[PDB]
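Engineer: The structure is given below, and queries will be raised subsequently.
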Amino acid sequence: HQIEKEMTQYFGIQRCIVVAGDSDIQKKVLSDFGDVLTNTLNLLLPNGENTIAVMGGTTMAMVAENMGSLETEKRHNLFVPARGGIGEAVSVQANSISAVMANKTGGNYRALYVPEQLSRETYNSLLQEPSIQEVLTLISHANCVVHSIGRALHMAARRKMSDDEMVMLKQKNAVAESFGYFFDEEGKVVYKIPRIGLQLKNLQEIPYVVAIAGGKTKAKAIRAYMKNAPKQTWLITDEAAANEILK
């Protein structure tokens, strides 16, 4: 509680949940993040039709695998990726996280059928597809977003970004990534990839925003991204990250 209070005040956000342990060294912590996200969305998501836009990555893949039921007679949740064209592998791409979350929670998903790596030709063509437009529109009306925060250079390498981009990110001292934006330690956006889906500016208007990121290794990235995160953000993290941030 005390540490959670200190974290919320440090960032000026709504709520921080600090899970026992260190997700760098303890696999159960990521499973615990699943439990916590389930409880958090059960509390936050109203009855009716909700659209939850999600990012991928290793944290989110594990969170998704460890979710519990959210669907009811009166509450129907749809999961969609927050972005296309991110460059992840299938095991951790946002489409995959959406499908798993839908399965584990009793909800539904709609994949955005945009390759994770794609060409200008493919992009223009897909934008004229009513099916693609339909999913982009669903994403634009999301009332919930769930994401992790990446360590910038690690993300750039994993996503097989171009040599020029990697070198550019190093020299602009990129620290954090989120939604395909890269942030330096001052919280400044130093680079962004071409956008397919959510705009950073529009996060501010989404009622339910949940960032999930843990481990001492992520303390710097968490600090850099959270500087300009929407004030309504709930941060799910662990003791290892919190202790490092608050030292």
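Please note that chains go A, B, ... in the order of the structure tokens, that every chain numbers its residues from 1, and that ligands are numbered from 1 in the order shown.
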What lies within 9 Å of residue 65 of chain A using only C-alpha atoms, ignoring chain neighbours under 3 positions off, as JSON, numbers by chain?
Structural biologist: {"A": [31, 34, 60, 61, 62, 97, 100, 101, 104]}
Engineer: Show me, as number ranges by chain, the residues that have an atom within 8 Å of residue 30 of chain A when counting only C-alpha atoms, minus same-chain residues fewer than 3 positions from it.
Structural biologist: A: 23, 27, 33-34, 59, 62-63
Engineer: Using DSSP on the backbone coordinates, identify the residues of segment 55-226 of chain A assigned to strand (DSSP E or B); present them as JSON, numbers by chain.
Structural biologist: {"A": [75, 76, 77, 78, 79, 80, 81, 83, 108, 109, 144, 145, 146, 147, 150, 151, 176, 177, 178, 181, 182, 183, 189, 190, 191, 192, 197, 208, 209, 210, 211, 212]}
Engineer: Would you mind writing down, as an NGL selection string, each residue of segment 44-181 of chain A that DSSP on the backbone assigns to helix (DSSP H, G or I)?
Structural biologist: :A and (44 or 58-65 or 90-92 or 94-105 or 120-127 or 130-140 or 152-158 or 163-171)
Engineer: Go through segment 4-118 of chain A residue by residue and, counting only C-alpha atoms, keep those with an atom at most 12 Å from segment 151-161 of chain A; for each kept residue give the shortest atom pair and its distance in Å to one decimal, ordered by chain and increasing number, as a Markdown table.
Structural biologist:
```
| residue | atom | partner | partner_atom | distance |
| --- | --- | --- | --- | --- |
| A:56 | CA | A:155 | CA | 11.4 |
| A:57 | CA | A:155 | CA | 9.0 |
| A:58 | CA | A:155 | CA | 10.7 |
| A:59 | CA | A:151 | CA | 12.0 |
| A:85 | CA | A:159 | CA | 10.0 |
| A:86 | CA | A:159 | CA | 7.1 |
| A:87 | CA | A:159 | CA | 4.6 |
| A:88 | CA | A:159 | CA | 5.1 |
| A:89 | CA | A:159 | CA | 7.7 |
| A:90 | CA | A:159 | CA | 11.2 |
| A:92 | CA | A:159 | CA | 10.7 |
| A:93 | CA | A:159 | CA | 10.1 |
| A:116 | CA | A:159 | CA | 8.9 |
| A:117 | CA | A:159 | CA | 8.9 |
```
Engineer: Can you write out the residues you just picked, keeping C-alpha atoms, as a compact mmCIF listing (two decimals), in the first residue's frame?
Structural biologist:
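The resulting part.txt:
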```txt
# COMPACT_ATOMS: atom_id res chain seq x y z
CA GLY A 56 1.86 -7.27 -27.76
CA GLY A 57 5.28 -8.25 -26.46
CA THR A 58 6.53 -10.80 -23.97
CA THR A 59 4.85 -9.29 -20.91
CA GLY A 85 2.88 -2.99 -38.56
CA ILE A 86 4.84 -3.27 -35.35
CA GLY A 87 7.33 -5.95 -36.46
CA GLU A 88 6.91 -8.57 -33.73
CA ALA A 89 6.98 -12.34 -34.20
CA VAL A 90 3.66 -14.22 -34.16
CA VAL A 92 3.99 -11.95 -29.19
CA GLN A 93 2.22 -9.85 -31.84
CA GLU A 116 3.82 -7.03 -38.88
CA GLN A 117 6.34 -6.07 -41.55
```
Engineer: Can you work out which one of A:7, A:37, A:132, A:43 has the shortest atom-to-atom distance to residue 222 of chain A, counting only C-alpha atoms?
Structural biologist: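 Nearest to residue 222 of chain A: A:7.
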Engineer: How many Å separate atom CA of residue 237 of chain A from atom CA of residue 81 of chain A?
Structural biologist: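 Atom CA of residue 81 of chain A lies at a distance of 21.7 Å from atom CA of residue 237 of chain A.
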Engineer: For residue 140 of chain A, please output as a list in words all residues within 9 Å (counting only C-alpha atoms; exclusion window: fewer than 6 positions along the same chain).
Structural biologist: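 Near neighbours after the sequence-gap exclusion: residues 53, 82, 197, 198, 199 and 202 of chain A.
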Engineer: Dump as CSV the rows for residues of segment 35-117 of chain A within 12 Å of segment 13-20 of chain A: closest atom pair and distance in Å with one decimal, only C-alpha atoms counted, ordered by chain and rising residue number.
Structural biologist:
```
residue,atom,partner,partner_atom,distance
A:35,CA,A:19,CA,10.4
A:36,CA,A:17,CA,8.1
A:37,CA,A:17,CA,9.8
A:39,CA,A:17,CA,11.2
A:40,CA,A:17,CA,9.6
```
Engineer: At what distance in Å, to one decimal, does atom CA of residue 83 of chain A lie from atom CA of residue 179 of chain A?
Structural biologist: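 Atom CA of residue 179 of chain A sits 6.8 Å away from atom CA of residue 83 of chain A.
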